[PDB]
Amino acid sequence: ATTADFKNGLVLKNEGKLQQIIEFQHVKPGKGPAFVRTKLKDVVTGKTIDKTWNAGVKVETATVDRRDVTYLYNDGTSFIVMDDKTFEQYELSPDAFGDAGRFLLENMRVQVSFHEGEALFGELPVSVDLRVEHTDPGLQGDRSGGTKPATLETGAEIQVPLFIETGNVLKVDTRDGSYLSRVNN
């Protein structure tokens, strides 16, 4: 409706794009009119910009419908994906999950967001369990502290503590590709 309606995660229809408010601030400069600064992220492209607004100016929002979805596979071109409730099978851009698509497994439960029935983007869980394809031998005398590169079953690489071995199943933070913990048998 207006700038007063601004909060983080709110998505605007603006100059032909759909842009999420990542950060906003109402500003009273103490000389002249108030205005708003918004850090905006194109939800599709991921490109972020800084924009300013005349305080109280009309804005137009998009309702984003979030659907619980299962990732099936990569057909060489698209991510193939099934809507959990409807069981409908459709294509997503390989980019639709950002850098975190790095960590998609077959049959991973994900969320996809829509405006007027068109997929905008997908999200993995914050934590996912991925197996180690390869890392250097485990060192239990912590003897090499620090971390070593590990290659996950997806081909994604992360830093892991020295005690990790090939075949270990790790918990991984998808927000920044960081080691969380080792899953036990």
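The first residue of the sequence shown is number 1, and the count goes up from there.
Colleague: Check the residues of the deposited sequence separating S144 from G145 and report how many of them have no coordinates, as none, 1 to 3, 4 to 9, or 10 or more.
Modeller: The entry has 1 to 3 unmodelled residues between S144 and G145.
Colleague: If you average the CA temperature factors as listed in the entry, which stretch comes out higher, 134-142 or 24-32?
Modeller: The deposited B-factors put 134-142 ahead on the C-alpha mean.
Colleague: Thinking about Cα B factors across the chain, which third does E123 belong to?
Modeller: Its C-alpha B-factor belongs to the highest third of this chain's values.
Colleague: Which third of the chain holds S78 when residues are ordered by C-alpha B factor: lowest, middle or highest?
Modeller: For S78, the deposited C-alpha B-factor lands in the middle third.
Colleague: Sorting by Cα B-factor within the chain, modelled residues only, which third would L40 end up in: lowest, middle or highest?
Modeller: Highest third, going by the recorded CA B-factors of the chain.
Colleague: What third of the chain, by the recorded C-alpha B-factor, contains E60?
Modeller: Top third by C-alpha B-factor.
Colleague: Check where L18 lands among this chain's C-alpha B-factors and tell me if it's the lowest, middle or highest third.
Modeller: Within its chain, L18 is a middle-third residue by C-alpha B-factor, going by the deposited values.
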